[PDB]
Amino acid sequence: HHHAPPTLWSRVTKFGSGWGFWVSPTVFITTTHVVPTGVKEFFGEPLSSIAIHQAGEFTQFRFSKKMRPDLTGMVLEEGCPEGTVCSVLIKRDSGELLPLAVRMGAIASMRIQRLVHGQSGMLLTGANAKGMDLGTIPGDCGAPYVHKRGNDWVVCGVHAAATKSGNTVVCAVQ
């Protein structure tokens, strides 16, 4: 019994000051502000072998080398389906897997603190998701927002922000 399968969890990878997500053997997505700056390589590969595209808080890497050939390609949607329940696949650095149910709101332009093209959502984990047990916390950014379309899991955003209440979260979308 699980919520998300082991292979889906294995796509969530530590990166910079947060996480990213292997969409495919070659495509990696993350949140812009956790990405290392001023570096010459990512995952050992020189920049010249990585197509890099950062738009707002959404960063995509496409590697020339097949970096995760164990994986199949999954669909990256252009945003999450508004009004539907997704799961945020939080890994914590102490080892926990913390999938957080979230009902997704509207895609909107936002400026938290930078220009965010993001989508808000409401966590469905408790009355007020403050703290580590029921919500998102510093270090969680880059975690994928996923949902299942039919029998297949889809990814639609990466974790970017949350209010101090914790109940509202924001993912960056493509």
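All residue numbers refer to positions in the sequence shown, first residue = 1. For clarity, a rigid core is taken as the largest C-alpha set superposing within 1.5 Å between two forms.
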In 7 other deposited structures of this protein, superposed by the rigid core, which stretch departs further from the shown form in CA positions, 157-165 or 15-23?
157-165
After superposing on the rigid core, which of 135-143 and 64-72 has its C-alpha atoms sitting farther from this form in 7 other deposited structures of this protein?
135-143
Are coordinates for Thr32 absent from at least a third of the other PDB entries that model its neighbours?
no
Is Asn128 unbuilt in at least a third of the other PDB entries compared?
yes
Going from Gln113 to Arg114, the deposited residues skipped in the model number 1 to 3
Mean C-alpha B-factor comparison - 148-156 and 17-25, higher one
148-156
59-67 or 139-147, whichever carries the higher mean Cα B-factor:
59-67
Could you say which of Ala108, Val34, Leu134, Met122 has its CA atom at the highest B factor, as listed in the PDB entry?
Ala108
If you rank every modelled residue in this chain by C-alpha B factor, which third holds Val102: lowest, middle or highest?
lowest
Chain thirds by Cα B factor, record data; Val88 belongs to the lowest
C-alpha B factor of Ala4, ranked within the chain: lowest, middle or highest third?
highest
